[PDB]
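J.: The following block contains the structure, expressed as structure tokens.
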Amino acid sequence: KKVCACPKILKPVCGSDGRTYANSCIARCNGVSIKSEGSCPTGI
């Protein structure tokens, strides 16, 4: 449970794996880059 200290702000991003996280602060700390802003689609 050693989660990064990030803010409550709803600013999600699409990770390079295709996952969605809270914001850039958590996404970067998880060891991944971002491909775009907003949540990523599940694959329609």
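Identifiers in the structure tokens: chain A, B, ... in order shown; residue index from 1 per chain; ligand index from 1 in order shown.
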Determine which residues of chain A receive a DSSP assignment of alpha helix (DSSP H), computed from the backbone, and state them as an mmCIF file with N, CA and C atoms, in the first residue's frame.

T.:
data_model
loop_
_atom_site.group_PDB
_atom_site.id
_atom_site.type_symbol
_atom_site.label_atom_id
_atom_site.label_comp_id
_atom_site.auth_asym_id
_atom_site.auth_seq_id
_atom_site.Cartn_x
_atom_site.Cartn_y
_atom_site.Cartn_z
ATOM 1 N N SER A 24 -1.574 12.506 -13.874
ATOM 2 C CA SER A 24 -0.161 12.362 -14.257
ATOM 3 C C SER A 24 0.750 11.991 -13.073
ATOM 4 N N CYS A 25 0.527 12.573 -11.889
ATOM 5 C CA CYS A 25 1.317 12.336 -10.673
ATOM 6 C C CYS A 25 1.373 10.847 -10.309
ATOM 7 N N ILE A 26 0.224 10.160 -10.346
ATOM 8 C CA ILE A 26 0.160 8.736 -10.028
ATOM 9 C C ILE A 26 0.706 7.905 -11.186
ATOM 10 N N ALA A 27 0.332 8.270 -12.414
ATOM 11 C CA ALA A 27 0.725 7.578 -13.641
ATOM 12 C C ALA A 27 2.258 7.474 -13.796
ATOM 13 N N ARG A 28 2.958 8.604 -13.614
ATOM 14 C CA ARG A 28 4.427 8.719 -13.604
ATOM 15 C C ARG A 28 5.061 7.888 -12.482
ATOM 16 N N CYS A 29 4.476 7.911 -11.280
ATOM 17 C CA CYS A 29 4.988 7.197 -10.104
ATOM 18 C C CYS A 29 4.830 5.670 -10.231
#

J.: What lies within 7 Å of stretch 7-22 of chain A using only C-alpha atoms, ignoring chain neighbours under 5 positions off, as number ranges by chain?

T.: A: 27, 32-40

J.: Produce a file of the selected residues containing N, CA and C atoms, as a compact mmCIF listing (two decimals), in the first residue's frame.

T.:
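Contents of the output file result.txt:
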# COMPACT_ATOMS: atom_id res chain seq x y z
N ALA A 27 0.33 8.27 -12.41
CA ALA A 27 0.73 7.58 -13.64
C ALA A 27 2.26 7.47 -13.80
N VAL A 32 5.20 4.36 -15.65
CA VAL A 32 4.67 4.37 -17.03
C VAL A 32 4.69 5.80 -17.61
N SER A 33 4.67 5.92 -18.94
CA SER A 33 4.41 7.19 -19.65
C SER A 33 2.93 7.28 -20.06
N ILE A 34 2.49 8.47 -20.44
CA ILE A 34 1.15 8.76 -20.94
C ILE A 34 1.17 8.90 -22.47
N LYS A 35 0.12 8.40 -23.13
CA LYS A 35 -0.09 8.48 -24.58
C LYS A 35 -1.02 9.65 -24.95
N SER A 36 -1.96 9.98 -24.06
CA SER A 36 -2.90 11.11 -24.19
C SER A 36 -3.55 11.48 -22.85
N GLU A 37 -4.24 12.62 -22.81
CA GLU A 37 -5.14 13.03 -21.71
C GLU A 37 -6.49 12.29 -21.75
N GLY A 38 -7.20 12.27 -20.62
CA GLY A 38 -8.48 11.57 -20.42
C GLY A 38 -8.30 10.06 -20.24
N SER A 39 -9.35 9.37 -19.78
CA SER A 39 -9.37 7.90 -19.72
C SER A 39 -9.29 7.27 -21.11
N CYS A 40 -8.64 6.11 -21.21
CA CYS A 40 -8.50 5.37 -22.47
C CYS A 40 -9.70 4.43 -22.71

J.: Once DSSP has gone over the backbone, tell me which residues of chain A are in strand (DSSP E or B), as a ChimeraX atom specification.

T.: /A:13-15,20-21,34-37
